[PDB]
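Here Cβ is always computed from backbone atoms with ideal geometry, including for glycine, and neighbour counts include all displayed protein chains. Each answer follows from the model by the rule given with it, or from the source it names; nothing here is a laboratory result.
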Ligand SMILES: [Mg+2]
Ligand SMILES: [Mg+2]
């Protein structure tokens, strides 16, 4: 019975676009996270900061967290490597020392150039990575070194604009070497599947702003998922999402944790009558404000050319236009 | 009495790397060959890291006679391109060496290194101290509508240490970050070559190069003839199976071929080799009643180009030995 946060052991929660939007914590994020009893794990695909450094930034925004609460893709990459390299194998680092620490912390030996004999290469974003560093990695990868990337985001959003992400640095090595790296962070399920293993949790939940990492990774991990609308992807994006990227729950922001799990769920709605016609989904009337989104989403998924969403009365049109959809 | 290929031409647009020298050492007979040509020797490179004088200095060390005026770079062609569609004094963000920036300055545009300055264009070339913050600056310019030019799009820089990331790898990072492509100013874009003949009003230029996708592709794009040499990247196999736009007109071992007959070097049918094209195979036999060792390459190439991938088989022993010498089988 009761709220969704109570129905689940622990929450794997995305940071960026979910907890905080750059400088500021999200809509009622601080208030809402203090009121859950379930174990809160902060999940980030970024590998530039270390475990503590991320927790410090949370503390500066008014949240209570330490490094043991945070799950980075640098940590998951470290486990991946140690999972298939001899103890004290040499791993060439591309990225910050926060990355190289996690390599050391799993009993491997972080290295910085190709004349040292690295059995693998790990790659995460660092704002001082230069050509010289890529060149060392390029030689290593051409010689058959095992290549891991923390994440493969093409862009890094900031106040100045959309800057090059780790995926862009990976794209340079892809071109130089003609090979791909194995991706360690989201949307790979190992990151999430390990996080639940830490505290042997039997009923975990994923909360994130982004379909192609947070939600896609949840389904890959065989976990449920609550999509929030404070970040990258929109209501529209959820409706037309391809099967592997479809969330199970959907809500405004982190106040959704204290809402009823049956209310947030993507399913048919008694408040909305929907008819899938010839190339169109039609909505008539009979709520936090997202019921109609859940109604339409559910219809499209159950059912190629994208289906048009269209209105059957004044009450439908106004709600739809409020969420775009036409 | 016959006439050499170099005598038949006003000027020679000669590629540096893989053609004149191979990293440290001049290629076979390069110094002795170029010293014996009367016509104008221009040294063309797609690299935008060295200045024209720095290139010429490097050539003097290896044993060649060359000044800065003899060098044609993609950095020059990139600058000329930008000057040709930007107002004088327009700001151009530089990704690359100061030698790149100097070429931009020299055409009356203002070289720049960051997005807070308002750059109308981004020019990209390889520099070994290029870092993420430099790419970040250019990413912001490109997204803000800035005109983007690259010197070259080479995935790799070949060095003594191995294969390092070329300018094409750096571009790929911006291709991914921005979702846009640069306009290429260097080879195989014909602007580079066609402007070089304009410099001296030459009326019978020839291109010499080791690479099909740049040197040769550009020569066909510029409507110039072209000698492919086997000292560099592309081989005889590559010549044979090259698609129409990357086909050379002449083919030789190395820069010695500048003194051989153009009729001998020409990709054409050969007296010493009879060819049967049929059954998805090219059968080569030794024929009935002087070779430089490449007649069979020219015969096969000519046969393949005149006519679904095609196999190359030997009809007798002599032909098999010749074919095996150039792989081909
Ligand atoms: Mg996010
Ligand atoms: Mg070359």
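Computed values, structure above
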read-out	value
Single residue of A:127, A:169 found to be surrounded by fewer than 18 Cβ atoms within 10 Å (Cβ to Cβ), under 30 Å from residue B:96 (Cα atoms) and in the same structural domain as residue A:87 (by CATH)	A:127
Verdict on residue A:303 being more than 23 Å from residue A:219 (Cβ to Cβ) and more than 22 Å from the chain's Cα centre (by Cα)	no
Those residues of the stretch B:144-156 which are within 14 Å of chain A (Cβ to nearest Cβ) and within 24 Å of residue B:233 (Cα to Cα), in sequence order	B:150, B:152, B:153, B:154, B:155, B:156
Yes/no for residue B:128 being in contact with a helix residue (DSSP H, G or I) (Cβ under 6 Å, 6 or more places away or on another chain) and either away from every other protein chain (no Cβ under 12 Å) or assigned to a strand (DSSP E or B) (or both)	no
Which numbered condition residue B:94 misses (of (1) touching a helix residue (DSSP H, G or I) at 6+ places or on another chain (Cβ under 7 Å); (2) assigned to a helix (DSSP H, G or I))	(2)
Residue list for the stretch B:131-143, filter: more than 8 Å from chain A (Cβ to nearest Cβ) and either surrounded by fewer than 22 Cβ atoms within 10 Å (Cβ to Cβ) or within 22 Å of the chain's Cα centre (by Cα) (or both)	B:134
Set A:56, A:65, A:77: member being in contact with a helix residue (DSSP H, G or I) (Cβ under 6 Å, 6 or more places away or on another chain), away from ligand 2 (no atom under 16 Å from the Cβ) and on the phi < 0 side of the Ramachandran plot	A:65
Qualifying residue in the stretch A:33-53 (condition: more than 16 Å from ligand 1 (Cβ to nearest atom), over 24 Å from residue A:169 (Cα atoms), assigned to a loop (DSSP other than H, G, I, E, B) and not assigned by CATH to the domain that holds residue A:206)	no
Hits in the stretch B:61-75 - residues which are part of a helix (DSSP H, G or I) and crowded, with 23+ Cβ neighbours inside 10 Å	B:74, B:75
Those residues of the stretch A:214-256 which are out of contact with any strand residue (DSSP E or B) (no Cβ under 8 Å at 6 or more places or on another chain) and farther than 16 Å from residue A:324 by Cα, in sequence order	A:216, A:220, A:222, A:242, A:243, A:244, A:245, A:246, A:255
Of all residues making up the stretch A:187-198, the number that are in contact with a helix residue (DSSP H, G or I) (Cβ under 6 Å, 6 or more places away or on another chain) and farther than 20 Å from residue A:39 by Cα	1
Where residue A:195 falls short, out of the listed (1) surrounded by fewer than 16 Cβ atoms within 10 Å (Cβ to Cβ); (2) more than 28 Å from residue B:161 (Cβ to Cβ)	(1)
Some residue of the stretch B:12-30 being crowded, with 18+ Cβ neighbours inside 10 Å, away from chain A (no Cβ under 14 Å), assigned to a helix (DSSP H, G or I) and more than 16 Å from ligand 1 (Cβ to nearest atom)	yes
Single residue of A:5, A:29, A:98 found to be within 28 Å of residue A:149 (Cβ to Cβ) and away from ligand 2 (no atom under 16 Å from the Cβ)	A:98
Subset of the stretch B:214-242 [in contact with a helix residue (DSSP H, G or I) (Cβ under 6 Å, 6 or more places away or on another chain) and near ligand 2 (Cβ under 10 Å from one of its atoms)]	B:234
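A quick yes/no check of all residues on (1) more than 21 Å from residue B:171 (Cβ to Cβ); (2) facing another protein chain (nearest Cβ under 10 Å); (3) in contact with a strand residue (DSSP E or B) (Cβ under 6 Å, 6 or more places away or on another chain):
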position	(1), (2), (3)
A:102	yes, no, no
A:120	yes, no, yes
A:158	yes, yes, no
A:165	no, yes, yes
A:182	yes, no, yes
